[PDB]
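Input: a single structure, listed below in structure tokens.
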Amino acid sequence: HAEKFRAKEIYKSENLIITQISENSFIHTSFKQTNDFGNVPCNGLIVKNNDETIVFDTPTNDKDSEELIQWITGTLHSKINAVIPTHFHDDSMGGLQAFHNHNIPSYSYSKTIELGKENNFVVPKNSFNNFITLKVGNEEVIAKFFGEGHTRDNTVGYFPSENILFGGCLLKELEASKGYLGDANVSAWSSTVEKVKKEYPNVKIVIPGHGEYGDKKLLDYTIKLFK
Ligand SMILES: [Zn+2]
Ligand SMILES: [Zn+2]
């Protein structure tokens with residue numbers, strides 16, 4: 001990592017890690033319990049302007065979501081304008097009920113709601129097809145569907161003021177394996193990520209759904225992996 005903004009790990013408990021990666025954005029990392037490999041890390045993104053934030057992805061469960069919400073409200077001293085699960089799997093949406101219990105507006109791609117309901121998961125209350133821009137303070141965030149890949153509903157988040165891309169599980173960390181393909185369209189995945197890369201050429205940081213963030217190289221790696 002050689003970004004002009006030197007990343008800072010500003011919070012660490014047994015269950016949640018916050019890593020500041022730009023002046024006003026932060027990776028949230030929590031864990032998914034798998035009966036096979038123990039706890040595996042899962043990422044989301046917090047963006048902030050003044051005393052307002054937007055969160056991409058929930059932790060897998062309400063307890064960790066509550067820890068995250070209380071950290072934002074209690075330590076970042078900010079309101080949460082919105083939460084945006086980037087796909088229907090638990091590592092993006094499993095802890096959504098906690099956000100609803102705080103009356104935090106939730107948004108996802110329409111297909112995320114459809115696939116969530118098919119699995120009797122709690123789903124967001126608002127939907128879009130195929131992008132939305134939401135205000136955070138005097139800035140905005142983009143949430144957009146570019147095509148199928150890891151799942152058929154996966155969306156990405158972009159914070160243009162700091163050129164931060166939250167790729168979600170559509171994006172892989174460098175050298176990652178292909179991961180869980182049970183819900184994937186591997187035929188479209190590379191083309192989808194090519195579209196993301198074309199749309200955000202000035203990207204500075206790319207955050208994958210699991211593992212280590214980096215720069216545009218994660219886009220190139222993920223494209224190549226699925227060709
Ligand atoms: Zn997934
Ligand atoms: Zn994932």
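So you can find residues: chains in the structure tokens are A, B, ... in the order shown, residues in each start at 1, and ligands are numbered from 1 in order.
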Exercise for review: Please identify every polymer residue within 7 Å of ligand 1, using only C-alpha atoms and all ligand atoms, and present the set as a list in words.
Suggested key: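 If we count only C-alpha atoms and all ligand atoms, the neighbours of ligand 1 turn out to be residues 87, 89, 91, 150, 151 and 169 of chain A.
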**Study point:** Residue contacts of residue 215 of chain A (6 Å, only C-alpha atoms) excluding same-chain residues fewer than 6 positions away, as a VMD selection string
**Key:** chain A and resid 204 to 206
Output N, CA and C atoms of each residue in that selection to a file, as a short mmCIF file (atom, residue, chain, number, x, y, z; two decimals), in the first residue's frame.
```cif
data_model
loop_
_atom_site.label_atom_id
_atom_site.label_comp_id
_atom_site.auth_asym_id
_atom_site.auth_seq_id
_atom_site.Cartn_x
_atom_site.Cartn_y
_atom_site.Cartn_z
N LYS A 204 -8.95 5.04 -7.23
CA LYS A 204 -7.74 4.98 -6.41
C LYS A 204 -7.69 3.74 -5.54
N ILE A 205 -8.81 3.33 -4.96
CA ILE A 205 -8.88 2.17 -4.09
C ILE A 205 -10.03 1.29 -4.52
N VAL A 206 -9.77 -0.01 -4.61
CA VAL A 206 -10.77 -1.02 -4.91
C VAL A 206 -10.86 -1.94 -3.71
#
```
Hey, which bits of chain A sit within 8 Å of ligand 2, and for each residue what's the closest pair of atoms and how far apart in Å (one decimal), counting only C-alpha atoms and all ligand atoms, rows by chain and increasing number, as a tab-separated table?
```
residue	atom	partner	partner_atom_place_in_ligand_line	distance
A:42	CA	ligand 2	1 (Zn)	6.8
A:89	CA	ligand 2	1 (Zn)	7.1
A:91	CA	ligand 2	1 (Zn)	5.7
A:92	CA	ligand 2	1 (Zn)	7.1
A:168	CA	ligand 2	1 (Zn)	7.0
A:169	CA	ligand 2	1 (Zn)	4.4
A:170	CA	ligand 2	1 (Zn)	8.0
A:180	CA	ligand 2	1 (Zn)	7.8
A:209	CA	ligand 2	1 (Zn)	5.2
A:210	CA	ligand 2	1 (Zn)	6.2
```
Practice item. As an MDAnalysis selection string, please: all residues of segment 2-207 of chain A that backbone DSSP puts in alpha helix (DSSP H). Key: chainID A and resid 62:74 90:93 96:101 110:118 186:199
Write out as CSV a residue-level contact list of segment 46-110 of chain A versus segment 13-22 of chain A with cut-off 12 Å: for each qualifying residue the closest pair of atoms and the distance in Å to one decimal, counting only C-alpha atoms, rows sorted by chain and residue number upward.
```
residue,atom,partner,partner_atom,distance
A:46,CA,A:20,CA,9.1
A:47,CA,A:22,CA,9.4
A:48,CA,A:22,CA,10.2
A:49,CA,A:22,CA,11.9
A:58,CA,A:16,CA,11.5
A:59,CA,A:16,CA,8.9
A:60,CA,A:15,CA,11.1
A:61,CA,A:15,CA,10.9
A:62,CA,A:15,CA,12.0
A:63,CA,A:15,CA,9.3
A:64,CA,A:15,CA,6.7
A:65,CA,A:16,CA,9.3
A:66,CA,A:16,CA,10.6
A:67,CA,A:16,CA,7.6
A:68,CA,A:16,CA,7.3
A:69,CA,A:16,CA,11.1
A:70,CA,A:16,CA,11.6
A:71,CA,A:18,CA,9.4
A:72,CA,A:18,CA,10.1
A:75,CA,A:18,CA,11.4
A:76,CA,A:18,CA,11.2
```
Check your understanding: Which neighbours of residue 178 of chain A fall inside 12 Å, counting only C-alpha atoms, when residues of the same chain fewer than 2 positions from it are skipped, and could you give them as a list in words?
Key ->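 Those residues are residues 149, 150, 169, 170, 171, 172, 173, 174, 175, 176, 180, 181, 182, 184, 185, 186, 189, 190, 210, 221, 222, 223, 224, 225, 226 and 227 of chain A.
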Exercise for review: Just give me the gap between atom CA of residue 197 of chain A and atom CA of residue 220 of chain A in Å, one decimal is fine.
Suggested key: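 Straight-line distance from atom CA of residue 197 of chain A to atom CA of residue 220 of chain A works out to 8.2 Å.
With only C-alpha atoms as the basis for measurement, A:155 is the residue among A:97, A:138, A:29, A:155 that approaches residue 85 of chain A most closely.
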**Study point:** Residues within 8 Å of segment 103-115 of chain A, only C-alpha atoms, excluding chain neighbours under 2 positions, as a PyMOL selection string
**Key:** chain A and resi 80-88+99-101+117-119+123-131+144-145+152-155
